[PDB]
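Notes for the one structure printed next.
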Amino acid sequence: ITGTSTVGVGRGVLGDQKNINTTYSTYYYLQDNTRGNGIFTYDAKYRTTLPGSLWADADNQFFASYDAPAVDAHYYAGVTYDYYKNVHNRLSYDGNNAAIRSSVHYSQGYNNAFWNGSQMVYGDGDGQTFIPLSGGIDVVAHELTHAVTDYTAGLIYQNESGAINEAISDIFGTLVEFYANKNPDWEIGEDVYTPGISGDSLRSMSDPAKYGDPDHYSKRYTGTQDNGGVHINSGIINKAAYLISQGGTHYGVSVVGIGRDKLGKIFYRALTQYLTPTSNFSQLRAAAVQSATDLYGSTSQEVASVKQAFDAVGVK
Ligand SMILES: CC[C@@H](C)CNC(=O)[C@H](CC(C)C)NP(=O)(O)CNC(=O)OCc1ccccc1
Ligand SMILES: [Ca+2]
Ligand SMILES: [Ca+2]
Ligand SMILES: [Ca+2]
Ligand SMILES: [Ca+2]
Ligand SMILES: [Zn+2]
């Protein structure tokens, strides 16, 4: 909407206060004009029609329980925009400052979040498996990263290409969590998963097997559930990425860590210059090796570490 840029204040899903960029025209709307062509947050009102209504508030104060998922979807979309722009020189998900749209309060008891081809969508959870999913910065960045993938490599959402698609979203979800630097870790979704159980998460990148996901290609799933295991076989690539950054010895193979920033540079270049819709795990290895070669040179430690990490997870 047309209006003047304002700054509201509210509380997120975990109870933390933050400022939000809003727009005033009769009401205060969740419309941040400070980033690209805007970040827009909508109320789906417990239904499944999308996007719903652009979020309107009478006083620019967002402390009601019903407001909290909107506050966090809006704020964390801003953090994710800032990461891509400041770290990778990428302007929104399409590289041309496309408007970023999110809807919260999707459906009833909805234990998931997704990119629907056009926008982000967040359930509230059922209060047992999840609380409102926009409370997790890694979750928000995971979802916006699906849009980046769809505009770039275009990885088809099934089998190995789909597990790469998922891992790319977990990798950048985690790198955004580290960028914001509030309780960062290599786990996925810990801030919004299972409020009655401490210390768990939906997935682990550092140890995928903790949640039943493979950490080696010989343990890949090849059945048909979950689009051929896209949220399962992602553990193999997540483990490789964790090893590239942090190092370790895995099934006897030692990897020298090169740190998060270089991980992100290597995988961003692979995603945007080398991967294609049909890339498999072996082709990802080749894309990551070439990306590291471009950035650091063929004789670099960075290239050697990429090779070690893929060796450690059984991907040649
Ligand atoms: C219990 C939740 C677990 C088991 C799986 N979900 C996830 O890992 C993350 C959320 C996590 C980070 C909290 N959501 P996603 O991968 O973006 C869901 N993908 C999606 O719906 O694909 C299908 C689709 C395709 C095309 C249009 C529309 C829809
Ligand atoms: Ca208000
Ligand atoms: Ca965390
Ligand atoms: Ca996390
Ligand atoms: Ca938990
Ligand atoms: Zn995903």
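Index from 1, following the sequence. Atoms within a ligand are numbered from 1 in the order they appear, just like the ligands themselves. All heavy atoms count here, side chains included; hydrogens, waters and symmetry mates do not.
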Which residue pairs satisfy the ring-ring contact (aromatic ring centres under 6.0 Å, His included) criterion with at least one member in residues 243-267, sequence neighbours excluded?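 Counting only pairs at least two positions apart or across chains, the ring-ring contact (aromatic ring centres under 6.0 Å, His included) contacts touching residues 243-267 are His216-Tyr251.
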Distance (rounded to the nearest 0.5 Å) between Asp150 CG and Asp94 CG: 12.0 Å
Taking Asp170 as the fixed residue, which of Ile188, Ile237, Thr145 is the one that meets the side-chain contact (heavy atoms from CB on, under 4.5 Å) rule? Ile188
Hey, are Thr6 and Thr22 close enough side-chain-wise for a donor-acceptor pair under 3.5 Å? yes
Verify salt bridge (charged side-chain N to carboxylate O under 4.0 Å, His left out) between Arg269 and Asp294, making sure each step is shown before the conclusion. CA-CA 9 Å; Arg269 184 165 186 82; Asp294 296 343; 2.8 Å; yes
Just wondering, more than 12 heavy atoms not from [X] lying within 6.0 Å of its [atom1]?
X	atom1	answer
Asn86	CG	yes
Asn112	CG	yes
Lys18	NZ	yes

So do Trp186 and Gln246 actually touch side chain to side chain, heavy atoms under 4.5 Å? yes
With sequence neighbours excluded, what pairs up with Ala73 under the side chain to side chain contact (heavy atoms under 4.5 Å, CB included) test?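 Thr41, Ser102, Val104, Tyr122, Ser134.
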Using a strict cut-off of 3.0 Å, how many protein N/O/S atoms surround the Ca ion (ligand 2)?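 The number of such protein atoms is 4.
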For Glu177, the N, O or S atom at the shortest distance from the Ca ion (ligand 3) is OE2
Nearest to the Ca ion (ligand 3) - the N/O/S atom of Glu190, by atom name: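 Within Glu190, restricted to N, O or S, the Ca ion (ligand 3) is closest to atom OE2.
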Quick check with a 6.0 Å cut-off and a 45 degree axis cone: is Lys316 positioned over the face of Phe310's six-membered ring? no
Within the 4.0 Å heavy-atom sphere of ligand 1, strictly under, residues: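 Residues near ligand 1: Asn111, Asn112, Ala113, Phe114, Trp115, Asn116, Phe130, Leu133, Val139, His142, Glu143, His146, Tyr157, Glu166, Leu202, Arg203, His231.
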Backbone or side-chain N/O/S of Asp185 under 3.0 Å of the Ca ion (ligand 3):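 Yes, within the cut-off.
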